[PDB]
Amino acid sequence: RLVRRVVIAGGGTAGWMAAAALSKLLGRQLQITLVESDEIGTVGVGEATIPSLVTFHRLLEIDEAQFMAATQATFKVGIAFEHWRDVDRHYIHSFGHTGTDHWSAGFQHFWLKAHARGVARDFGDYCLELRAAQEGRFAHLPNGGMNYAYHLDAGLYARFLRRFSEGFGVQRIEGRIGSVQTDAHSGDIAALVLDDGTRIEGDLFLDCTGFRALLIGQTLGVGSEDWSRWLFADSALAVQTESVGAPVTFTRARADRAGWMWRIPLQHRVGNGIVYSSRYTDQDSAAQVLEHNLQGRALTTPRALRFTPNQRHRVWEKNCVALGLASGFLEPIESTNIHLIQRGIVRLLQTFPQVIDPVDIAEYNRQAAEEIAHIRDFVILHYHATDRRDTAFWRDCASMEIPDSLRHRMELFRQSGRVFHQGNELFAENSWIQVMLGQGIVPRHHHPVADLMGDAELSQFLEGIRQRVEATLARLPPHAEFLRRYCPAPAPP
Amino acid sequence: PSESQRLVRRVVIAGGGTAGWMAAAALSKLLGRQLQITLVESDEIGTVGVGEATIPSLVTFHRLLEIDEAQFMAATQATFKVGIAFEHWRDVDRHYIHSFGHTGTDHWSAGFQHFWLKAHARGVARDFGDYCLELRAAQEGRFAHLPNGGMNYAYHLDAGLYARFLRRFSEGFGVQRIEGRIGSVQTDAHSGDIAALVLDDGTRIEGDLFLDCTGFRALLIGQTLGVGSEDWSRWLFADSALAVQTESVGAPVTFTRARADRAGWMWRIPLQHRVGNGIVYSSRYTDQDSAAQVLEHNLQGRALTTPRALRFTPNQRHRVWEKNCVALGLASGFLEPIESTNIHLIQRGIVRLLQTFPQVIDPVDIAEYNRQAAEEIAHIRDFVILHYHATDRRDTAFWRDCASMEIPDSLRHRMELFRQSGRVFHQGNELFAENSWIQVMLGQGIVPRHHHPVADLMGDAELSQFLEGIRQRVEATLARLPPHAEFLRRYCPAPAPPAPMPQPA
């Protein structure tokens with residue numbers, strides 16, 4: 001049966017990112033219908049992103065400045081990780097690349113040798129994007145020389161994508177789903193039945209219904225793998241504050257006693273939140289910690305969220321593809337939520353069915369499983385690589401068993417300073433290095449190629465890199481000045 | 001134990017030839033100022049006049065080593081290679097080319113083959129090969145470099161001359177060559193590590209890290225350390241070859257020929273002043289005398305050598321790095337030369353070693369090395385199996401068995417993906433690109449039942465205009481390339497041997 005009708009269950013970022021991409025590419029031959037309820041809204045929730053979204057908008061021919069102005073967006077070049085290695089020990093995990101590699105050995109080997117010889121500055125001084133986070137500067141550079149992403153209002157983003165999608169013929173139906181129907185012989189989803197009795201028939205259904213996974217889970221019975229043995233957070237509180245100064249170019253991830261706090265700058269507001277574990281603390285205490293750390297007064301009543309670190313066992317089952325929370329969830333410590341939605345959509349478009357076949361489904365599921373396990377391991381790394389023993393939460397994080405896949409990467413770096421990137425893993429070599437060095441893993445050896453340079457040659461190699469970083473950084477304007485010239489957003493009412 | 005005693009300062013390479021001298025060359029180039037590197041080889045071991053085909057990774061190897069391409073080619077009687085002509089694989093008298101490069105133009109949502117498949121269903125497609133420049137250069141016998149690596153290519157070379165060229169390079173970076181035969185291998189009583197080699201004259205060569213380049217003898221990784229190998233003969237039946245050089249009968253073509261027969265296949269490889277030939281076959285399906293007759297029947301020109309008989313078996317060493325020993329080349333495994341992977345697998349073992357080169361040897365480094373090696377070779381294994389399993393042939397028991405055998409699940413999934421939806425993917429550092437999977441599966445008769453629906457957006461005129469614009473760009477580029485022989489004469493002319501010995505007909 002030819003796939004001619006796609007029904008998207010749920011709106012928000014997952015549903016409207018899917019509608020936007022599907023209608024842009026295939027909307028001239030597909031009937032695309034999205035069902036969502038006006039009773040759900042996310043406007044005024046700030047969210048951080050990663051550079052894959054730049055590519056997504058290139059594929060969709062979305063104008064960056066128009067998108068940013070419509071979503072109150074600012075630029076992002078990294079995440080400032082405060083108090084993770086230990087209290088008062090901070091580092092930045094930035095985009096980009098540090099230093100110059102040799103074909104046999106990455107830059108970190110030269111930096112490690114130089115540091116042992118006392119001729120190295122901080123590892124981050126050799127990375128432009130990291131310095132741009134420290135100094136609050138941003139502009140685009142020729143030939144994609146600046147690696148960046150965005151801080152955005154997720155509700156305004158969904159609204160922008162809705163306008164885009166409706167322009168490519170997406171049919172929006174306002175309502176709630178009262179029943180999901182299956183086919184008696186195949187087990188496929190046949191239709192959704194709305195709360196007014198309307199049956200919406202389709203060939204392929206996207207489950208964007210959130211954490212309940214109404215289609216792939218409650219209807220088709222696909223369970224999820226629970227990761228709470230490794231990842232203890234299960235709660236969040238979020239609140240916006242007034243801006244108190246020019247927008248920084250980084251997201252802040254500030255560890256506390258039993259969780260951590262995000263701070264995300266938008267053009268005229270700041271998004272804040274605390275992520276914590278209900279098995280170690282309670283909502284009242286977390287609200288107190290969040291309030292204590294806010295700059296400026298809160299503008300909204302805090303919004304509470306409950307979640308589980310998890311992954312749907314298969315993200316494509318029969319004629320249903322899950323996206324967003326219905327496919328899984330990891331806390332926003334590395335800003336991966338919108339990325340995982342995008343990956344599910346782009347992979348679906350690259351495997352789009354003429355007819356649906358098990359071999360396509362199996363390949364899709366294999367890729368999704370591999371990609372998410374890699375991101376999970378990197379999230380676990382943030383909690384497990386810590387010197388902190390000051391609360392039960394941190395002692396438990398440091399002492400837990402971890403996936404063998406993560407243990408092997410940590411051991412490789414600890415022994416020989418080596419990191420290796422595979423396939424379509426999200427996190428690049430630079431990310432593994434910045435985070436492991438930043439959180440206190442010290443390689444016992446470095447690559448022998450770095451020992452070929454004497455002290456003066458090695459010091460000059462590093463210093464040349466650092467001078468080029470500083471010379472480039474000096475040409476970049478303050479963030480707020482660039483925003484004003486490139487993508488000024490209207491002041492909220 | 002002593003920690004300082006763990007530092008790797010002395011590297012001993014057991015065996016010469018391609019494996020040993022490629023290893024010596026790369027290791028001495030990069031680390032010869034810090035390591036004492038010794039290579040042990042016997043003058044009684046080795047064969048003169050082996051012609052071998054390669055793949056584009058060797059171009060990168062020479063860039064890493066700063067080996068000049070024209071000097072290397074002139075020194076090894078080398079010619080250029082843009083692909084392999086596969087004759088009689090899909091069926092008797094049905095041929096195709098597996099080239100380097102990429103066919104057509106992709107969309108971000110769908111590879112070129114989906115547009116070609118739609119065009120074929122609409123009757124507006126030419127042969128798939130017409131949309132690939134390297135393939136057309138194979139058909140027309142043309143070659144030159146193009147700006148920004150616009151031509152993808154590798155080499156046909158004399159392997160013995162290549163090893164001698166690398167020996168000269170290596171000695172220049174300080175490698176110490178010791179001629180002789182290894183009489184025994186000494187191990188450490190407590191660790192089992194290799195401690196030294198002892199030659200037949202009593203010479204003791206100590207080292208910290210040992211590279212086993214001894215071939216099927218596997219003196220270190222096999223005979224000493226006892227690492228077994230995985231048997232792949234349930235999927236791959238060839239175990240024998242006969243090889244012979246012939247005089248050139250014309251200008252050198254730009255492709256390696258892989259011509260299937262009843263129970264094996266034959267290679268034909270052009271060098272600047274001779275041609276390499278061989279038949280690869282299964283002793284379980286035919287005998288040497290019959291294989292010799294088939295080879296003789298297909299030869300062009302007089303033979304320049306007496307045919308040499310070879311034995312082998314498809315396999316991978318269970319671990320290629322064991323304790324302080326790294327196996328390379330035949331000691332690490334073997335696949336038949338159907339996709340010209342022998343020298344590539346040596347290079348990968350060397351490059352991977354240099355990228356994880358030990359200050360001290362540690363199990364986590366060994367484990368990572370072995371994992372990468374195992375994943376890479378299994379992927380190449382599957383592609384070799386694909387050549388035998390994807391066939392219409394039922395005309396001999398050999399082909400019926402190849403078509404009906406069980407295959408690895410990893411290969412079955414790739415074949416089913418293409419058969420159902422025309423889809424291919426490339427993962428990690430797998431050798432074979434999407435273009436390779438597509439050309440070989442289409443060429444050997446896997447017919448996609450569906451294609452990506454994005455191609456259904458194009459009407460016939462738009463689709464034909466898309467394909468014809470690609471074909472016109474291929475043909476305009478091809479018309480600017482000279483005949484292979486003219487390019488060789490100007491770029492890398494090798495001296496003609498003075499006294500070849502053609503045998504009377």
TODO: Assess whether A:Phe352 counts as being in contact with a helix residue (DSSP H, G or I) (Cβ under 9 Å, 6 or more places away or on another chain) and either assigned to a loop (DSSP other than H, G, I, E, B) or over 23 Å from B:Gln427 (Cα atoms) (or both).
DONE: yes
TODO: For A:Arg257, state whether it is among the basic types (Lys, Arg), in contact (Cβ under 8 Å) with a residue 40 or more places away in the chain and closer than 28 Å to A:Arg212 by Cα.
DONE: no
TODO: Among the residues of segment A:433-454, write down those that are under 33 Å from the mean Cα position of the chain (by Cα) and away from chain B (no Cβ under 11 Å).
DONE: A:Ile433, A:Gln434, A:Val435, A:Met436, A:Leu437, A:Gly438, A:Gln439, A:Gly440, A:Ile441, A:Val442
- [ ] From A:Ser37, A:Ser52, grab the single residue that is farther than 25 Å from A:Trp262 by Cα and in contact (Cβ under 8 Å) with a residue 24 or more places away in the chain.
- [x] A:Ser37
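Kindly establish whether B:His451 is surrounded by 22 or more Cβ atoms within 10 Å (Cβ to Cβ) and assigned to a loop (DSSP other than H, G, I, E, B).
Working: surrounded by 22 or more Cβ atoms within 10 Å (Cβ to Cβ): yes; assigned to a loop (DSSP other than H, G, I, E, B): yes.
Criteria met by B:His451.
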TODO: Give segment A:364-381 a look and list any residue that's of a type outside the set (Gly, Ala, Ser), closer than 15 Å to A:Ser405 by Cα and touching a strand residue (DSSP E or B) at 6+ places or on another chain (Cβ under 8 Å), or say none.
DONE: A:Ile372, A:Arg376
TODO: Take the residues in segment A:454-493 that are in a helix (DSSP H, G or I) and of a type in the set (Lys, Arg), then tell me which one is nearest to A:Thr386 (Cα to Cα).
DONE: A:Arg466
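Among the residues in segment A:220-235, are any touching a helix residue (DSSP H, G or I) at 6+ places or on another chain (Cβ under 8 Å) and within 20 Å of A:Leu34 (Cα to Cα)? Write out each step before concluding.
Step one: filter segment A:220-235 for residues touching a helix residue (DSSP H, G or I) at 6+ places or on another chain (Cβ under 8 Å), giving A:222-224, A:227, A:230-232, A:235.
Those still in the list that are within 20 Å of A:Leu34 (Cα to Cα) too: none.
No, segment A:220-235 has no match at all.
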Task: Meets criteria (surrounded by 16 or more Cβ atoms within 10 Å (Cβ to Cβ), touching a strand residue (DSSP E or B) at 6+ places or on another chain (Cβ under 9 Å) and not assigned by TED's automatic domain parsing to the domain that holds A:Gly12) for A:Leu294 - done: yes
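One line per residue, one yes/no per condition, for (1) within 11 Å of chain A (Cβ to nearest Cβ); (2) within 22 Å of B:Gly83 (Cβ to Cβ); (3) over 26 Å from the mean Cα position of the chain (by Cα):
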position	(1), (2), (3)
B:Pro363	yes, no, yes
B:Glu375	yes, no, no
B:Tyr388	no, yes, no
B:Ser421	yes, no, yes
B:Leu431	no, yes, no
B:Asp456	yes, no, yes
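Against the definition (in the same structural domain as B:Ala23 (by TED's automatic domain parsing) and surrounded by fewer than 22 Cβ atoms within 10 Å (Cβ to Cβ)), how does B:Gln420 come out, yes or no?
When the stated conditions are applied, B:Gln420 does not pass them.
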Open item on the list: Contact list please: Cβ distance under 7 Å, first residue in segment B:102-114 and more than 9 Å from chain A (Cβ to nearest Cβ), second residue among the small types (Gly, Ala, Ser), pairs at least six apart or on different chains.
Closed with: B:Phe112/B:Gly104; B:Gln113/B:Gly422; B:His114/B:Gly422; B:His114/B:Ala455
Open item on the list: Tell me whether segment B:120-130 contains one or more residues that are over 15 Å from B:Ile470 (Cα atoms) and within 14 Å of chain A (Cβ to nearest Cβ).
Closed with: yes
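Looking at B:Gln316, B:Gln355, B:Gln347, which one is within 14 Å of another protein chain (Cβ to nearest Cβ), touching a residue at least 60 places away in the same chain (Cβ under 8 Å) and out of contact with any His (no Cβ under 6 Å at 6 or more places or on another chain)?
Working: B:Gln316 fails: within 14 Å of another protein chain (Cβ to nearest Cβ); B:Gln355 fails: touching a residue at least 60 places away in the same chain (Cβ under 8 Å).
Answer to the check: B:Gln347.
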Task: Criterion: more than 30 Å from B:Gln139 (Cα to Cα), of a type in the set (A, V, I, L, M) and out of contact with any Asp or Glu (no Cβ under 7 Å at 6 or more places or on another chain) - qualifying residue of B:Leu242, B:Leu209, B:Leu220 - done: B:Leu209
- [ ] Only strands (runs of 3 or more DSSP E) wholly contained in segment B:31-147 count here; list those with 2 or more residues that are in contact with a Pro (Cβ under 8 Å, 6 or more places away or on another chain) and at negative phi.
- [x] B:51-53
TODO: Identify the residue in segment A:304-322 that is under 21 Å from A:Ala255 (Cα atoms) and in contact with a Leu (Cβ under 7 Å, 6 or more places away or on another chain) and, among all such residues, is surrounded by the most Cβ atoms within 10 Å (Cβ to Cβ).
DONE: A:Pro309
TODO: With the checklist (1) free of Cβ contacts under 8 Å to residues at least 24 places away in the same chain; (2) closer than 30 Å to B:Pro495 by Cα in hand, flag the one item B:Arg274 doesn't pass.
DONE: (1)
Task: Selection from segment A:211-255 of residues that are surrounded by fewer than 19 Cβ atoms within 10 Å (Cβ to Cβ) and either of a type in the set (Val, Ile, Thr) or in contact with a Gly (Cβ under 8 Å, 6 or more places away or on another chain) (or both) - done: A:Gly223, A:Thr241, A:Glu242, A:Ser243, A:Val244, A:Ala246
Open item on the list: Criterion first (under 30 Å from the mean Cα position of the chain (by Cα) and in a loop (DSSP other than H, G, I, E, B)) does B:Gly202 satisfy it?
Closed with: no
TODO: Starting from residues that are in a helix (DSSP H, G or I) and among the aliphatic types (A, V, I, L, M), keep the ones in segment B:399-418 and report whichever is nearest to the other protein chains (Cβ to nearest Cβ).
DONE: B:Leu417
TODO: For B:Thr356, work out the one condition from (1) touching a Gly at 6+ places or on another chain (Cβ under 9 Å); (2) outside the structural domain of B:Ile438 (by TED's automatic domain parsing) it doesn't fulfil.
DONE: (1)
Open item on the list: Which count do you get for residues in segment A:375-398 that are in a helix (DSSP H, G or I) and buried (at least 19 other Cβ atoms within 10 Å of the Cβ)?
Closed with: 13
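The values are calculated or read from the model by the stated rules, or taken from the named source; these are not laboratory values. Counting neighbours? That spans all protein chains shown, and the Cβs are built from the backbone with ideal geometry, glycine included.
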